[PDB]
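Participant: below you'll find the sequence and an experimental structure to go with it.
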Amino acid sequence: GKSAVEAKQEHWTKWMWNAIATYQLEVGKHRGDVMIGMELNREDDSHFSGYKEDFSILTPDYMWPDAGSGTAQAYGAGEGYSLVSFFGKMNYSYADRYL
Amino acid sequence: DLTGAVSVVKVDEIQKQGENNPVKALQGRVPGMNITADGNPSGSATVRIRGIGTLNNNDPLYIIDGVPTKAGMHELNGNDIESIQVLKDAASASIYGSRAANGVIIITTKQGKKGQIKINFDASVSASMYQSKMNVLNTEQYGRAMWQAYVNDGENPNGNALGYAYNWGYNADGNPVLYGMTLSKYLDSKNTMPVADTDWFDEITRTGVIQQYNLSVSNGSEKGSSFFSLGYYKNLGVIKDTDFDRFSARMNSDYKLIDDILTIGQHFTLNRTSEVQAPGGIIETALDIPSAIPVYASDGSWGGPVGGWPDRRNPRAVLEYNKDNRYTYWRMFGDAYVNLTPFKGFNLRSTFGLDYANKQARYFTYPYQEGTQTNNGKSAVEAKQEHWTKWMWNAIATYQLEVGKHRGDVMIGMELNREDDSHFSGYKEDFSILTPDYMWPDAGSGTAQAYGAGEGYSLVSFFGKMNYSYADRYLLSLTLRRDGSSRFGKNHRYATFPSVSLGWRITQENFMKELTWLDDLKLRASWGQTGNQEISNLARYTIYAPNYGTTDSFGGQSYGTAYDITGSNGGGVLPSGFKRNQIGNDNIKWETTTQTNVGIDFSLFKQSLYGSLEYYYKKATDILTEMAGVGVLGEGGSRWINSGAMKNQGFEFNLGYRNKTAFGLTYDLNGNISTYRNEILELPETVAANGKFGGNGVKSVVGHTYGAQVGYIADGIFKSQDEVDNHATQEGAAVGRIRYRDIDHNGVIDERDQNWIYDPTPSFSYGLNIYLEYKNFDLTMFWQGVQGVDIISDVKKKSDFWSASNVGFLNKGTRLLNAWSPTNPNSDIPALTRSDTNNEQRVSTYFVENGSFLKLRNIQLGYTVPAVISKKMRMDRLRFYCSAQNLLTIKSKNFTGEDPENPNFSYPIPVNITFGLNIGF
Amino acid sequence: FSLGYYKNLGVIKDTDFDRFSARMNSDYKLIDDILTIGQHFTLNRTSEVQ
Amino acid sequence: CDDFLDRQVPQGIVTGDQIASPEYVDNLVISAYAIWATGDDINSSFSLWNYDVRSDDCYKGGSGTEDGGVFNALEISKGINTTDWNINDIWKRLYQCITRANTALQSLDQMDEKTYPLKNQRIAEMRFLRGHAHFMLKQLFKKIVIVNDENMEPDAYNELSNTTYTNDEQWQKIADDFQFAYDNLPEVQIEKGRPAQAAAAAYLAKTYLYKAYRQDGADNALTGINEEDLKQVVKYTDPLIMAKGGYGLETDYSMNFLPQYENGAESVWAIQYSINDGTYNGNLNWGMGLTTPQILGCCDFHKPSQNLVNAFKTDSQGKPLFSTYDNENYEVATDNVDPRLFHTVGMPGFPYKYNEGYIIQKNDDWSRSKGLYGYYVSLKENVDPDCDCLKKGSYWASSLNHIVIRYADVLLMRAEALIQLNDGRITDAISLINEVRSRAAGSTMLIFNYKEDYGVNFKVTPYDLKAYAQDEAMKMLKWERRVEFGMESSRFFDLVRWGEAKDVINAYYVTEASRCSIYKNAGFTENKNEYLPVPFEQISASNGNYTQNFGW
Ligand SMILES: OC[C@H]1O[C@@](CO)(OC[C@H]2O[C@@](CO)(OC[C@H]3O[C@@](CO)(OC[C@H]4O[C@@](CO[C@]5(CO)O[C@H](CO)[C@@H](O)[C@@H]5O)(OC[C@H]5O[C@@](CO)(OC[C@H]6O[C@](O)(CO)[C@@H](O)[C@@H]6O)[C@@H](O)[C@@H]5O)[C@@H](O)[C@@H]4O)[C@@H](O)[C@@H]3O)[C@@H](O)[C@@H]2O)[C@@H](O)[C@@H]1O
Ligand SMILES: [Cl-]
Ligand SMILES: [Mg+2]
């Protein structure tokens, strides 16, 4: 006659920061672009959860964790990762002919 | 509103306190609006408009960019505010929503102006120092005091099981006098705690750093405008291991389509605030723990009491152990609207607002073991999550018409509101590693518990309001509401709240051709009713909850329904049931505040010398009231009922003077002074003897001010045994003790000898701003005062008696070093005693003090690099400034504490010293 | 400024999905057209039973 | 407009409508039992021990006289106010035990027997619970409101008065609930927390014993001892009633206070405190939360008295020292002692609850009072510190049942009504006192070794069986109840029943000021302090309905 409810919550908080420099120049015959910069990334996750059993009324209205008569369990962890990235990229074109 | 009772705010001055919270700046700025807050770093405050409106919620209603919300302001970007008017009487506010009873604060965020691309960068940084340092005994004063209390009772002062050994005798008169004293190196027999002389308030406090940065950008075309705000705040509070931060972003934008007929727009603010807060009652702990306890033990560990010392914990430990209990809060707020002009003067527009916040936190229980102050080895963590999802939809029609002589506006519409809340939580015990890294719920070895519920309420509100003006001379306005609510049954859902207001601009009556010294003068009068339904989402109902017992409870009394009916001793899940939490009331209806308001505006020479005065009679009737049950009813007899009423009359006056002087100096003044009386008219009988609202459950508060209190009267202190014998027979009185008055002259001091001794109301409160501006330099001061306010000192129990506390040997304030004795008879302070036989803890006039004050809430000084120098940097605006907040306080000589605006235990209000700039292209 | 709603009642009974969406993008060209400042931003509430 | 304000219904609760339902009826009887383990708190043990400090059994103990000041005042009988938060407390608390028992009965009255064969057995359980509350409530206050209408509506509770019935009609109403229980309770209850029939008989007989020392006069002094009542104490302690439910005296006295021997044959009815049981810290006996001695860091209340310690002395042939016992303290080398002393009172120099590795000392490590409240510790409600059954929530609490009726209590209640009837059954009261007495005589398991190890001299013999005087037999009964039920909080209640309170404890006040400074200002006021004042908040809210006690 199992009844239970689990209230799960999850968070993903990702952010990114970068900075970029670019000099473009048209010589006359030629063209050329240059870029350098760096980027930072950090995801920080988490997730947690409360589970409880036994409910004298089996509706989503009654079936909250405080209304439980039975056993409970708690769950939840977190994790993440940070990213660093230095980059450059450089372009050129002789005269719309060779790129 | 030109016919109301509307204090307007100069939003410029607001930022000159560098508050995070705009409302905290308005403190004392507005008459009738009492803003009140402790020193905690979030700046969070509470607003009270026109005394104390009702018996449930007195929090005002903000309408930000057209959206209601009753919470926040400290959660949002105070820096993208542009307009603030507080609406104080029933009329001017009644139409802004179904919840105006307690006042209505219009707030308007910034936005781009037609033809402008401005940008502003503001940036501030402050330091905060603990002001109100409460003077508590050091290890040697605590020795002198304990000797006195010991001898004053005529027992051996060396019979203290503490480290003290005394060297004393009797002088000529045979009085106890103390010569010298010696103390142990270690507080306990096993020599694991060194004796110390710590200054616990130096220990648990630091110098806070504050820090703000705002970036505003605007842009204005003819077909639409747009705004973009960015902003950060970081306040390291003056209590160690408490802080607050806020990241904020706002984007507002409008579009003018189809010539300038169809308009479409949106306001929207985004916010991540995050805080770790001061623990419950650390200041009281820091007052209580003796200097002799060391911060650290002989080994590494935190210090605590050992051997014979009091049951008080390590305040530096608790502040550390709680350092990781950080919530983080994400609140999205804003609206969207469409506005159509089918023909000149007729507009149809409807807004839709969204207020959604979520609030995650992990609260960490670590095992502690300072001294005898154990925890067993409890470890646990609780991961709490909370959601508030509020939204509002309305639709409005308005026809304005100028006849030629006349003018008149009409509005009708409806509004919908629905808050839906929830909150859930997982708790687990036992952790092999006690860090926030290891301490997640999957890492637990021990028992768990789950918790969580939800609730909500929906609001419907049909409204109209109509205006008129004969010829700038005579102004009328009428409003009619019909507000319904989810909280009530079908039979009382909707009440009807009408309001009227008038206005006569006596100056346009050219019967005042003559008077030239007077530019404006305007007489207005209000009558209106504002509904109140701000009550429990479960008030209607009879609440039977299953409450197994799964929640923490203190000293027992969880009132749980589970029971080992089998005699098992447990080990497994028990059978359970239901307890009653309340009792229904089918017939709850609205409560009604009715407010009657009269006032005059004026404007004199050159339109220098401006101001306004107002007189109100605010009355709440059919007050919605959490009515305690009858004793023999027992468990869960509380119920909601419309029994009770309260009134609130007063005066509100704001008046300021502008003018330049011919030597370059500009000076601008802006004072304001309110007063008010608050009286409880009727009240159900359980609420009366409850003392919940005033009587301390000895007398009844009907007839007195909300919060008034009853106690005994301290006729000085007995000075010789014949003042005791001739006094009314008073249990536990002797030479030394407080003499209590015999109010019914029945010849015995018993509990019938108490009368009304505390009234929380001020005889007038005020505030004044002074602005000076001379050759680039600008200087601003804002003073604020409150004279008349009584104040109930709970610190005086700790500074005036060796034993006005529940447990022995607590630290005590410094005052009792000055207590009476034979040897020192020029003092009020009753002689030290080890036992409170005269019950000097009883509610006395002894603890009621003059808590009046006038603080310099803020002082600022700046330089504005003249446009000639700054504009070659290609900048409209370059200003450097520096401020001080709460720099100095003035108080009565008969007030024994430090901060009369916070005499007891709340987060100390600190002194801020601030530096900053305003770049502005 | 974008506003948008979606509601798909799936072909299996008692499965659905909805999405409410709002986007506000904006740029500012300051100091002739030297300094530029801008922002993109989308807001979304999706909800599903699977 | 209307579809909109009906959508949002209450979450996680059951409504007034629904709780009637038969599905929930057995939830309410459990919930009604629960509150006996979950409604008390550290200052309101439904043990009524906070209030037994008035007696000569014990002091309050703690830090000092402001550590629970309103309970000091009760302890010296001076300074008691009727405003006092503690008296309002216990008064409100016991009436909320009643609401649970009453809500169950309001639902159980609607049930039909042919489909709920227990209906009446369950009604009896609930009614028994209801009497337990009124009884203790009556013990505390004398002039109590009878709440026995389970179908009564809320607003009918303002028109209730604590003088509707007379002080005896009030006692009879408590008996009406216990009587019913006797008729319809099972003979054996397999779910041990539910009272059996002999438990109702026990409490019923207890109720009459308190009803018979009458106070039909306007004060609290005795107006005779009703013959017809005592004849009902003997009826419902008949050995044949008790033998149908198997109850008797434990082999060794100590078992009634050890957790391994929970729910013994002497546990006639007991609150089933439990551990490891779904709840936050467990349904531990938080009420005794304060009586743990300093060896757990707090709190050191409920300290037995030097009066009670000396009460356990005996003479050359092993009988109490009725006249002289209290004139010099017990010294273990030379006096003879009742074993029951080392079950009731953990004294300096001896093990703490039979654990030879916790030795009690005149020390910061055991007493909190720096000597004021002495150095004795209560053993009955405390447990071995290494017990699997102890746990620190906010205080130290355990899983040890509080026995509401120990079978020894029925034998002494029987021996009492026998001695008061004076109908030649006095030789049976003595056989009753002798059962209680020579069990104690050989209750040396767990303390067998105490002679060679400490020099203690157990001497306790039963009384020869002659045709004693009514009064001379009385003091042997009164002494047996003094040593059997020490520190179990029904001592002061003994005396106010006997109309002896003012006399023995005012005499205790002056003998014990030598041992305990606090009693130096103390004074018991005849016809006033026998009962707590009815709380002032209740009086003042009832609109002249409720009436104070004689003296205030
Ligand atoms: O004064 C009117 C007041 O009485 C009230 C409430 O106090 O009675 C209603 C209701 O409350 C109780 C219990 O909840 O009141 C307690 C009452 O009991 C007495 C004697 O009867 O003894 C209490 C004993 O407990 C201790 C234990 O402390 C412990 C040990 O396990 O160590 C730490 C330190 O507290 C804690 O974690 C442990 O509990 O003290 C608890 C007691 O002391 C107070 C004093 O304020 O709390 C200490 C806290 O105060 C702080 O200054 C600020 O938070 C901190 O330093 C510290 O956390 C009080 O709040 C606690 O109740 C031990 O020291 C005591 O010997 C009395 O002393 C005490 O008043 C019940 O009696 C009653 O049912 C209300 O009507 C009204 O508010
Ligand atoms: Cl209902
Ligand atoms: Mg008097």
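Facilitator: Yes, it's here. Numbering: from 1, shown residues only, chains lettered A, B, ... in the order given. Ligands and ions are numbered 1, 2, ... in the order given.
Participant: spatially central residue in chain A, please.
Facilitator: residue A:14 (3.6 Å; C-alpha atoms, centre = their mean).
Participant: which positions in the helix or strand hosting that one come out as buried?
Facilitator: For residue A:14, the host element (DSSP states H and E) is strand A:4-25. Across strand A:4-25, burial judged by 16 or more other C-beta atoms under 10 Å in any protein chain shown covers A:4-7, A:9. The way it works is simple: take the backbone N, C-alpha and C, and place the C-beta from them, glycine included.
Participant: with stretch D:81-98 instead?
Facilitator: D:81-84, D:86-98.
Participant: picking that back up, of the buried residues of strand A:4-25, which is the nearest to ligand 2?
Facilitator: For those, the minimum distance to ligand 2 (C-beta to the ion) is 23.5 Å, reached by residue A:5.
Participant: got a list of contacts for the host helix or strand of residue D:419?
Facilitator: For residue D:419, the host element (DSSP H and E) is helix D:407-421. Helix D:407-421 is touched from outside by D:202, D:205-206, D:208-209, D:212, D:225, D:227, D:230-231, D:233-234, D:237, D:242, D:247-249, D:265-268, D:425-426, D:428-430, D:432-433, D:435-436, D:439, D:470, D:473-474, D:477, D:480-481, D:484-485, with contacts defined as C-beta atoms under 8 Å, 6 or more residues apart in numbering or on different chains.
Participant: of those residues, which belong to strands?
Facilitator: Counting by DSSP state E, the part of those found in strands is D:267-268.
Participant: mind giving me the PyMOL command for buried ones among the contacts of helix D:407-421?
Facilitator: Applying 16+ other C-beta under 10 Å to these, the buried members can be selected in PyMOL as follows:
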select buried, chain D and resi 202+205+206+208+209+212+230+233+234+237+242+247+248+249+265+266+267+268+425+426+429+430+432+433+435+436+439+473+474+477+480+481+484+485
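Participant: which ones among the contacts of helix D:407-421 lie within helices?
Facilitator: Taking DSSP state H as the definition of helices, the contacts of helix D:407-421 contribute D:202, D:205-206, D:208-209, D:212, D:227, D:230-231, D:233-234, D:242, D:426, D:428-430, D:432-433, D:435-436, D:439, D:470, D:473-474, D:477, D:480-481, D:484.
Participant: which SSE is the residue of the stretch 401-550 of chain D found nearest ligand 1 in?
Facilitator: Ligand 1 sits closest to residue D:537 of the stretch 401-550 of chain D, with a gap of 11.6 Å, by C-beta to the nearest ligand atom. Using DSSP H and E, residue D:537 falls within helix D:536-541.
Participant: nearest residue to residue 23 in space, please, no chain neighbours.
Facilitator: Since you didn't name a chain, this refers to chain A. Leaving aside its sequence neighbours, residue A:23 sits nearest to residue A:34 (C-beta to C-beta, 6 or more residues apart in numbering or on different chains; 5.2 Å).
Participant: wrong chain, I was asking about chain D
Facilitator: Nearest residue to residue D:23, sequence neighbours excluded (C-beta to C-beta, 6+ apart): residue A:56, at 7.3 Å.
Participant: neighbouring strands - and their directions - for the strand or helix carrying residue D:270?
Facilitator: Take DSSP H and E as the rule and residue D:270 turns out to sit in strand D:267-271. Strand D:267-271 has its sheet partners listed here by DSSP bridges as strand D:402-406 (antiparallel).
Participant: and the contacts of the partner strand?
Facilitator: By C-beta under 8 Å, 6+ apart, strand D:402-406 touches D:46-47, D:132, D:199, D:202-203, D:206, D:256, D:266-271, D:273, D:285, D:287-288, D:381, D:485.
Participant: rerun at 7 Å
Facilitator: Contact with strand D:402-406 is made by D:47, D:132, D:199, D:202-203, D:256, D:266-271, D:285, as judged by C-beta atoms under 7 Å, 6 or more residues apart in numbering or on different chains.
Participant: pull the most distant pair out of the residues you listed.
Facilitator: D:202 and D:285 (21.3 Å; C-beta to C-beta).
Participant: please enumerate the helices of the stretch 251-400 of chain D.
Facilitator: Using DSSP state H, counting those that start in this stretch, the helices of the stretch 251-400 of chain D run over residues D:306-311, D:341-344.
Participant: closest to ligand 2 out of these?
Facilitator: Set against ligand 2 and scored by C-beta to the ion, the helices of the stretch 251-400 of chain D come closest in helix D:341-344, at 50.7 Å.
Participant: mind exporting the closest one as CSV, just the C-alpha atoms?
Facilitator: Provided in CSV are the C-alpha atoms of helix D:341-344 (Å, rounded to 0.1, in the frame of the first residue of the first chain):
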residue,chain,number,x,y,z
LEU,D,341,17.7,4.2,49.6
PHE,D,342,20.2,3.1,47.0
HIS,D,343,17.4,2.7,44.4
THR,D,344,15.9,6.2,45.1
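Participant: can you list the buried residues in that helix?
Facilitator: Using 16+ other C-beta under 10 Å as the test for burial, helix D:341-344 gives D:341-344.
Participant: got JSON lines for these, with distance to residue D:412 too?
Facilitator: Formatted as JSON lines, the buried residues of helix D:341-344 follow (distance: C-beta to C-beta, whole Å):
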{"residue": "D:341", "distance to residue D:412": "18"}
{"residue": "D:342", "distance to residue D:412": "21"}
{"residue": "D:343", "distance to residue D:412": "17"}
{"residue": "D:344", "distance to residue D:412": "16"}
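Participant: looking at those residues, which one is closest to chain A?
Facilitator: residue D:343 (38.2 Å; C-beta to the nearest C-beta).
Participant: spatially nearest residue to the closest one, not counting backbone neighbours?
Facilitator: Leaving aside its sequence neighbours, residue D:343 sits nearest to residue D:254 (C-beta to C-beta, 6+ apart; 5.0 Å).
Participant: ok, the one you found touching residue D:446?
Facilitator: Yes. Using C-beta atoms under 7 Å, residue D:254 is in contact with residue D:446, at 5.5 Å.
Participant: more neighbours: which of these two?
Facilitator: residue D:254 (23 against 19; other C-beta atoms under 10 Å in any protein chain shown).
Participant: now check stretch D:48-55, is it near ligand 1?
Facilitator: No. Legend: contact between stretch D:48-55 and ligand 1 by C-beta under 6 Å from any ligand atom is lacking; minimum distance shown is 7.6 Å.
Participant: what's that stretch in contact with?
Facilitator: In contact with stretch D:48-55 (C-beta under 7 Å, 6+ apart) are residues D:43-44, D:58-60, D:71, D:74-75, D:77, D:136, D:140, D:302, D:489, D:491-492, D:505.
Participant: looking at these, which are in strands?
Facilitator: Judged by DSSP E, the contacts of stretch D:48-55 include D:58-60, D:302 as members of strands.
Participant: quick one: secondary structure of the residue lying closest to the residue nearest to the centre of chain A once chain neighbours are set aside?
Facilitator: Excluding its sequence neighbours, the residue lying closest to residue A:14 (C-beta to C-beta, 6+ apart) is residue A:43, at 4.5 Å. At residue A:43 the chain is in strand, as set by DSSP: H, G, I helix; E, B strand; the rest coil.
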